[PDB]
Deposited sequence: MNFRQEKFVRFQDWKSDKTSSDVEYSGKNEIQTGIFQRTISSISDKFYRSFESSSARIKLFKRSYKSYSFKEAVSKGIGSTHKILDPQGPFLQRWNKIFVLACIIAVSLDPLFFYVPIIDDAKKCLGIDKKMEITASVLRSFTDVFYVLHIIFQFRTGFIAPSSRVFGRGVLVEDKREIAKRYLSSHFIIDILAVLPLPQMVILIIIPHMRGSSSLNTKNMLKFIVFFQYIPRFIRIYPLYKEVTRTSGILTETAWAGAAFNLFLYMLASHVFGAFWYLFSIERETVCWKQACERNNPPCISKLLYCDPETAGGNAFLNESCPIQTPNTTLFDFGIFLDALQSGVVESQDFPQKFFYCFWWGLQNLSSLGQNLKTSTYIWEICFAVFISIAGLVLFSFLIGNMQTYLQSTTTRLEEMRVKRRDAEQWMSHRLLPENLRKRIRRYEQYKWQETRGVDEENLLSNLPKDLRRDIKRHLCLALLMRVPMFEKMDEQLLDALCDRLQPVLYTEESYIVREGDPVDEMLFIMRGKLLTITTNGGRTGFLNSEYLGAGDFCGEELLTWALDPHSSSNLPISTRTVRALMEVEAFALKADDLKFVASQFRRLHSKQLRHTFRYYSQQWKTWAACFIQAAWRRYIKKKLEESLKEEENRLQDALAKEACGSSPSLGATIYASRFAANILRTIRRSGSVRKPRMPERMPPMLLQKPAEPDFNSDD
């Protein structure tokens, strides 16, 4: 007995939503089963298409009875503890989704082909076209409201930035295949409607068996190329409208399936992405309603694609938008304050240096939203080896240096940048990660601070004497020579660490 967030179901019920897109990608294959033999002017059956659609539907419908038996041993919880007991798992399923799952999985086209049509009354070709049209209609509803609750089951738990656009592009291909096989079947039905109407006014006499094919009967009603003209059209006799391209190309006579599939799929793709622009309909109402439905469905898909894409694109540009709004803010604040050009280009230098190092990421906000031992292991990797180069800090344990790694903040310094000047109070104690720093004094000798060296060691002796609250006056003037990365130790954060050291 399992629960819906258990690892077996949560990896197996993603294959079920996949096999329900495979299932609706094979239901229009039964529309390619009726055929027209244009020599004898008869409606026929593509027998090998009839087998191909029946076993492709079966092999995806013995994959959803496996969903039915995996909902008899699923997990209800409450109105914190799951229910592992049957006869209430198998009573809410039988009150919520069991019949829709069993009306969607019944082999209704495969059983009407094997059982019902060879024992029906009339022509086998007309019965096959009429049963497979309506059974695929009447099973079209539970095969789509079985995917509504199974998607509500996975909105309570794939995703990438582009997955909404890739599923959108697949929805073009599925709808183009559905609309084109509908167009195939409606083209065959409009030609047989022409044949029936021409036979009910039989100036030339018509025999009604011979509209339906039968290999025992050779030859059919030969006058039907006059009353139902296709290769040269006469819309006074019959306007075929948007179905004339299917009857002129001979796709309704071919028994070659990739020939038949690709011509009709491309009709669906051409007219969905055109929003029905080039559909020259006749005055027939249901042909117009088909073209209206193609126009609306393509109108709804294209707008989704443009959106699913501008979403992919904008997902990938936030920190970069946020930098552009800050660079344009550093502009027109300078030239509203009328800053001199030596001040403005130092501002542009720091904001570009902060951008190429951090990329908009606030490191302290990123680390504070981590757990206290994971944040400790990061800051002991970054900051602890820098603190071991101060000749006093080895005297502390792994309880006070862990207070110091917690209080080290990363700072950035461009070139020409002054860290401190002689005479200023010392706020920080730096621990240099990168860059070279020239320090001078007039009290002369010029020292150099590289990676691993530390500035501000006047401040430790101030924040150890248990002393004045005014900061010690800098005896050195420290200036950066290259881009400097460092870790800053503030005065009061060092003053806290002084109280736990005696």
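- Unmodelled regions of the deposited sequence, numbered from residue 1: 1-83, 163-169, 248-251, 538-543, 567, 604-716.
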